Amino acid sequence: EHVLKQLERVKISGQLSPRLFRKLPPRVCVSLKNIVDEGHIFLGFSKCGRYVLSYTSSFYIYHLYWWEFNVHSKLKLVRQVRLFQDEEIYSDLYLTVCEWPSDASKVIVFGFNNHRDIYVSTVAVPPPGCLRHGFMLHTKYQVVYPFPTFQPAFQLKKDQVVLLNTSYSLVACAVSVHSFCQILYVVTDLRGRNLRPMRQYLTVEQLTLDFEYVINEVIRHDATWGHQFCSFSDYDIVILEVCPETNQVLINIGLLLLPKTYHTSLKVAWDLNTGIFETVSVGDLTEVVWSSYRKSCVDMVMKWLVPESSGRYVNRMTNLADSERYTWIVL
Amino acid sequence: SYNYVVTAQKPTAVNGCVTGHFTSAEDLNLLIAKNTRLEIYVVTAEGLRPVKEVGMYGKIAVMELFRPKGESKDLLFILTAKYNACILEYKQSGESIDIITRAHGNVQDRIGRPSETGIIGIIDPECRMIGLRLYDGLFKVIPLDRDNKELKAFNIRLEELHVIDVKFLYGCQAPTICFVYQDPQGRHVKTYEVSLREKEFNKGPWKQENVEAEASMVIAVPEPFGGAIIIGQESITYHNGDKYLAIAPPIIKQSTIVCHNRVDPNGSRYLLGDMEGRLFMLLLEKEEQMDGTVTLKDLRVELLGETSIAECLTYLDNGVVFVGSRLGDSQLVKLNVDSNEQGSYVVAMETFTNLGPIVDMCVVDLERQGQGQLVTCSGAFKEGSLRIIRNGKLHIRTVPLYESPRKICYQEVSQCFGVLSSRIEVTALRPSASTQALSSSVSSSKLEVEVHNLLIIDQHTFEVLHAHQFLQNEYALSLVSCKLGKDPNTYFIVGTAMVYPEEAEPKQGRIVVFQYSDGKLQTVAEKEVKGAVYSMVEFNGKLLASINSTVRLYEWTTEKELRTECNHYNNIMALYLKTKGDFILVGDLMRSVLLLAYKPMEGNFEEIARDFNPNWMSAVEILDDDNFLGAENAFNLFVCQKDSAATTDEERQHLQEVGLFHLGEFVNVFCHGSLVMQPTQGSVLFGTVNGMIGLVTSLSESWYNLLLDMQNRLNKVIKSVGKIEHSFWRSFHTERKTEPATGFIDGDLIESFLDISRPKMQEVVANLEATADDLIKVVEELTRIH
Amino acid sequence: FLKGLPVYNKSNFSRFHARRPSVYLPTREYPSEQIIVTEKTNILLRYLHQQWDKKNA
Ligand SMILES: CNC(=O)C1CCN(C(=O)c2oc(S(=O)(=O)Nc3ccc(Cl)c4c(Cl)c[nH]c34)cc2C)CC1
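Residues numbered from 1 in each chain as written, not as in the entry; some residues may be left out. Chains lettered and ligands numbered in written order. Heavy atoms only, no water. Residues with missing side-chain atoms left out of burial classes, pairs and counts.

### Side note on the overall build of chain C
Thought 1: For chain C, the helix and strand inventory stands at one helix and two strands.
Thought 2: Its helices and strands in sequence order give chain C the pattern β-β-α, from N to C terminus.
Thought 3: Against the compact-globule benchmark of 10 Å for 57 residues, chain C has a radius of gyration of 27 Å, which places it well outside the compact range.
Thought 4: Projected onto the principal axes, the alpha-carbon positions of chain C cover approximately 75 × 50 × 20 Å. (Helix = DSSP H or I, 4+ residues; strand = E, 2+ residues; numbered from the N terminus. Rg over C-alpha atoms; globule rule 2.2 N^0.38 Å.)

Next up, the structure:
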């Protein structure tokens, strides 16, 4: 219905929201022909809309840079990072960066190259303008042949906690600079400023959960078939929903416990505040598979999905358009 | 920078509308929320009489009156825009007025998307619970059991995810809700039986039925009819069990229905208000069933007459109905059994002045003596008027225009108020100030439907001298009156744009310079510009006309034509322009604010600094050469000052927000001036959509610290109805983040001092010594500014 | 559209033809009769806990 009518309607109504402007096409576009580096691979706009991320991946170095953006002026780089330190990468690798819902002091980058390994490293964002403390952690965790699922939205749904599923645990490392989150009641290296100092001051909680121990305890202390099906072969764990209000996480666990082989499911609610608390919430039966469990879990989470405000959301970028500011860069 | 926000004129746009026996069980009361200004009235023989006006620390979003079992008089549930649900009661002991809070507590979820249609609040007819719709997919339910000390609100997932209107049905064993939601197929009606013991919904009765495409509201008919009525554009349907009745009369088709009310207690008569200020009476015809009950045989609607554009209706005793207007003056129209000769059943009795949306304004001093009065542009469609707000209590001269006023700029040489306005044509619906004028002209450029026209108004008597009409399909965007270049005369520069249904964005525009000679306005020159001229402002004698996403400087040549000089394309939508000296302030629609500079040596724009925060600006003002005030869509004020102390190129081009304040109203325009006769250094006037007019004044560091300490001490000694902390109320709040207000002293709270009891005044300064006289003197000095 | 409109008081508005209210600023305050608290527990957790409790019984 045109944009001028919308402005006229806003002037009197007093209600001006981005949603009402969705119908109109983008306001600013960019050719991305002259404003480009030279082998850069752009990853997308920032949540604030003030930078643009990119990486090179020239062993591999895998540098990443910020890019201050202007509608007509050329992009101006601000920062340069390694993001993979002391790691001789002999594989192609797949990068995907994502920012936290509320916290905007750092971003988490992921690397995806018989057993697999994943490179995850946080990088502090440039100061808006202390202004001195900027860090970047590194760490690698190897996964078993049945590689676990990967889902940023719930992994980073916590304000400063990122949940890493290592196929043997659900370690959730929380980093802050400045008093406890993990037990308020995976090896990580230190970097930043081209130095590796001993860890204002930074913090690392790294609270762990034992999947095998939790499953053993649950089956021992629950389940109808406590007189049979001792021990299991393998299992997969997926996070259903994370509740930052009370610091609780939901995990769906599937097993293949056994001359009788059958597939079974399970669920548990782990409370962050009080550590390792496997409060069971479901018990299934063994019937005469992993893809089926994944499909069931995704359907279950979709059924109960509640929309979240645009203010908080885990933006994921990988390889451009800024919906909030109606910006668009065409490649 | 340090500033001081005070309210010159309280808001006068009606937002909330309720009626019920509140003050006592034996007197009718009429309550109006307006914007954070709740007013209590009582119906008397002489008419509505004021009782009290409590100022809640929040924007009233829901008002409901309910009387739980065992209560002599009704309670009052109020939910602010910041989610501060709280039930209130009015207990008076003799001549002492007291309003205790039954219950209070924030009900913000923090994990939900605000609904498109806004906050909806309802209460069960039996008062079993209170239903709140705040976010998509979640329906907060508050139990009302008054036995325990805690009211545990709990959310219930809503599968619809697109609900529009929710209401509690009547005469059901369990509390049910009937609502209309939207799906890709279309809109639908659905019912849920709410359960508090199970904290979940249940399959409701009279299963969902498809509804019209434009269904917009639901009315819950009481017993003995029961059921619900869904009102939609050119469609009214009543759903109840197997019975289903629908009627689509032609009269309704003209406009949509925006408000409703119940006349008869049994729901046999309803009042419907339209966007064109039409009053419809909705009838339900009943028949004697075989069992001996009522079945609502048929439906029918009638046209009572025309009234001011209504945001609410509330029927009062003896046939008089109060019309709560948001885009115009409210009314106390009364229905008449006998029709008028013209065919109107409704005759007005009283009119309450409403400043309405203050689209634009500009202070003038036509009376000399260094005394200024505010001239604004109120009203939206047919209540459009110019309010001459002088200073006595303020005396306001309303000049009706019967058409929407857009802009205003007073020219002193010809002593006339050049004003933009737009009417609606199909041709002319009603006689408007544009239609009748001493002289009229129509654009002769060779370069329903709304007709735009820059018509001039006299300064003395306000008769419209001339009404110039613009090209067909052309919109009048911005207007300015100033002198250009070397010419001795003054022109009426107006920026216009061209609109076509085919395109969704402007692509052609116009910049025309007018001259009002004698009693006629002529076009000396014009310029065609690709785009729409959102805003214009004189800059050092050059017309700094802003086009879509660009800013330009025009030099008025000797050939009396506009020649562009320099441009600055780094913009998303340049909608606001304020200039001081050689500085320019471009307020982007979605890019916060930017500061520019014009270099005479190079004659080109050179961006100097910019605010990188994401904000949706509504108006921008440059308080000084350093402090730039701004107001955003979230009803908050923020001031960002250019920083030169830091010796860094990046820091030099960085604007840091050093002030934050949640004003609580949508600011439309800023203008420099004051209403008093010619401690604080400067004053700025701002107008809101709710009609509130306020002043922003700078303070020295010492005075700001003193007033901040005084306000902090005052908070302890002043009680807030609803138990809402002032710090939380004024704390800058928006979807992205919310931080405590800084650098802004709430003048309204400060003015409360010198009005509190003497022991309270002493307790405020008990150990500050300042005694009490000094505080009173400084407060009176601060008050004297406005 | 005939009229038999309600009359709550036969005398109200009878003498219509033969000023904003004073502001209310309270100094004293009485204890709140009750408090309103939202439920922070995720509804999914509540649903699953209810289902498991029902199964246990
Ligand atoms: C592979 N299927 C999809 O991508 C579909 C279903 C999931 N989806 C969402 O709506 C959504 O995803 C997340 S998430 O945590 O970032 N990712 C995530 C969550 C939960 C599960 Cl069970 C899985 C599985 Cl299995 C793979 N990724 C998952 C959050 C949300 C609101 C995107 C479309």
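### Digging into the packing of aromatic side chains
Thought 1: Geometrically, the ring pair formed by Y94 of chain A and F112 of chain A is tilted, given 6.3 Å between the ring centres and 40° between the ring planes. Residue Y94 of chain A is located in the loop between β5 (76-81) and β6 (95-99), and its partner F112 of chain A is located in strand β7 (residues 106-112); the two are separated by 18 residues in the primary sequence.
Thought 2: Following the ring pairs from residue to residue traces out a cluster consisting of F139, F179, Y181, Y192 and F201 of chain B.
Thought 3: Note that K82 of chain B overlies the ring of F728 of chain B, its terminal NZ or CZ placed 5.4 Å from the centroid. (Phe/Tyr/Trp six-rings, centres within 6.5 Å; stacked < 30°, edge-to-face > 60°. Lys NZ or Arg CZ within 6 Å of the ring centre and 35° of its normal.)

### A short note on the sheet that holds strand β3 (residues 52-55) of chain A
Residues and elements named next belong to chain A.
Thought 1: One open sheet holds the four strands; their spatial order is β2-β3-β4-β5, and the pairing between them is antiparallel. The sheet is open, and its two edges are formed by β2 (41-45) and β5, each paired on a single side. Here the average twist between neighbouring strands, direction ignored, is 25°.
Thought 2: Note that β2 and β3 share four bridges and pair antiparallel. Along β3, the bridge assignment pairs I41 with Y55. (Pairing = 2+ DSSP bridges. Axes fitted to C-alpha atoms, helices over the stretch in contact; angles between N-to-C directions.)

### Here's the deal with the interface of chain C and chain A
Thought 1: At the interface, eight residues of chain C touch nine residues of chain A.
Thought 2: Its residues assigned to classes, the side of chain C that touches chain A comprises five nonpolar, two polar and one charged. (Contact = heavy atoms within 4.5 Å. Nonpolar A, V, L, I, M, F, W, Y, C, P; charged D, E, K, R; others polar.)

### With respect to the environment of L355 of chain B
Residue and element names in this part refer to chain B.
Thought 1: Relative to the elements of secondary structure, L355 occurs in the loop between β31 (351-352) and β32 (361-364).
Thought 2: Note: C-alpha distance between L355 and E223 (132 residues apart in sequence) is 40 Å.
Thought 3: When near neighbours in sequence (up to four residues on either side) are disregarded, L355 contacts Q9, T12, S378, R387, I396, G691 and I693.

### A closer look at the interface of chain C and chain B
The accessible area lost on association of the parts is a frequent measure of interface size.
Thought 1: Taken together, the contacts link 38 residues of chain C with 70 residues of chain B.
Thought 2: Counting residues per element, the ones that place at least two in the side of chain C that touches chain B are β1 (23-24), β2 (34-38) and α1 (43-56) of chain C.
Thought 3: A total of five residues in the side of chain C that touches chain B trace back to one element, the largest contributor, which is β2 of chain C.
Thought 4: Tallied by class, residues from the side of chain C that touches chain B come to 17 nonpolar, eleven polar and ten charged.
Thought 5: Pairing analysis gives two bridges linking strand β9 (residues 96-104) of chain B to β2 of chain C, with the strands arranged parallel. Across the sheet, the residue bridging to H104 of chain B is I35 of chain C, located in β2 of chain C.

### Some remarks on unusual backbone geometry
Excluding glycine, a negative phi dihedral is what most residues carry, and trans is how most peptide bonds are arranged.
Residues and elements named next belong to chain B.
Thought 1: For the peptide bond that leads from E223 to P224, omega is 5°, which places it in the cis range.
Thought 2: Of note in the backbone geometry, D518 takes a positive phi value of approximately 55° without being a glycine.
Thought 3: Its identity is not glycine, yet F635 carries a phi of approximately 65°, on the positive side.
Thought 4: Tracing the backbone through its elements, the reader meets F635 in the loop between β56 (627-632) and β57 (637-642).

### Some details on the pairing of strand β13 (residues 150-157) of chain B
Thought 1: The pairing of strand β12 (residues 138-143) of chain B with β13 of chain B spans four bridges and is antiparallel. Within β13 of chain B, the residue paired with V141 of chain B across the bridge is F154 of chain B.
Thought 2: Connecting β12 of chain B to the antiparallel partner β13 of chain B that follows it, the hairpin turn spans six residues.
Thought 3: Pairing geometry for β13 of chain B and β2 of chain C, over four bridges, is parallel. Paired with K152 of chain B across the strands is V37 of chain C, a residue of β2 of chain C.

### Section: the state of the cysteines
All names here are of chain B.
Thought 1: What pairs with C17 in a disulfide is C312, and their sulfur atoms sit 2.1 Å apart. On the criterion of sequence distance, the pair formed by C17 in strand β2 (residues 17-20) and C312 in strand β26 (residues 312-315) is long-range, its members being 295 residues apart.
Thought 2: Lacking any disulfide linkage, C178 is separated from the closest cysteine sulfur, that of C172, by 11 Å. (Disulfide = S-S within 2.5 Å.)

### Overview of the sheet that holds strand β35 (residues 396-400) of chain B
All names here are of chain B.
Thought 1: Within the open sheet, the four strands sit side by side as β32-β33-β34-β35. Their pairing is antiparallel. Every interior strand has two partners, whereas the edge strands, β32 and β35, have only one. Neighbouring strand axes in the sheet, compared pairwise and without regard to direction, differ in orientation by 20° on average.
Thought 2: Here β32 pairs with strand β33 (residues 373-376) via four bridges, running antiparallel. Opposite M361, over in β33, you have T376 as the bridge partner.

### Some points on the domain arrangement of chain A
All names here are of chain A.
Thought 1: Here the domain parsing of chain A yields domain 1 (29-208 + 314-331) and domain 2 (210-306).
Thought 2: Taken together, the contact pairs 18 residues of domain 1 with 17 residues of domain 2.
Thought 3: Considering only residue class, the side of domain 1 that touches domain 2 consists of ten nonpolar, seven polar and one charged. (Domains from an automatic or database assignment.)

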